[PDB]
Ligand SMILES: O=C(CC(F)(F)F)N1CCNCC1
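Presented below, as structure tokens, is a lone chain in the form deposited without the ligand.
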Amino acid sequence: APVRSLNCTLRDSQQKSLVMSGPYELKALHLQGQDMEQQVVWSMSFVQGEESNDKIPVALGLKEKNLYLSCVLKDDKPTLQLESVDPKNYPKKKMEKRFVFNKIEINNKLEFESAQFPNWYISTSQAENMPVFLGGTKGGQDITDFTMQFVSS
């Protein structure tokens, strides 16, 4: 296939799951049992960009929905948002830079660095039910590492 993808779920290192808050927002919270089904299922796409043996560029969209994570400036600050795209033209090998994240593997966890804003990572709060965001400080009060779970597609 042109653009290759794989379906997965993601949890932060504190075992919190991701769920869609509103129409264009994501939140992270400790979910277990039946609630599990609420979590977001992603279609991770391997797109074009500067690739390394530990840094792979990817795009993240919801499975079956024309919604992708995007990094943009909002009120003079790098910001993470869910963005609507034409369902006919996506996904594609050459995604716009704002949709691109560098998937990084350190210990056994994953980190997603914004290709648009270097050293800015997708992060979650230690607190419960807070919005998922773009953070410029790694290894601090906020969480920036995740594990990935494959789904039967």
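Heads up: residue numbers just count along the shown sequence, starting at 1.
Only in words, not in the display: the form solved in complex with the ligand, which the text now covers.
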| request: Although the ligand is absent from this view, report whether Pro131 comes within 4.5 Å of it in the deposited bound form, heavy atoms only. | output: yes
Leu29 versus the ligand, in the deposited bound form: is there a non-hydrogen atom within 4.5 Å? no
Applying a 4.5 angstroms cut-off on non-hydrogen atoms, the residues of 55 to 83 near the ligand in the deposited bound form are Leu69, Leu80, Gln81, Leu82
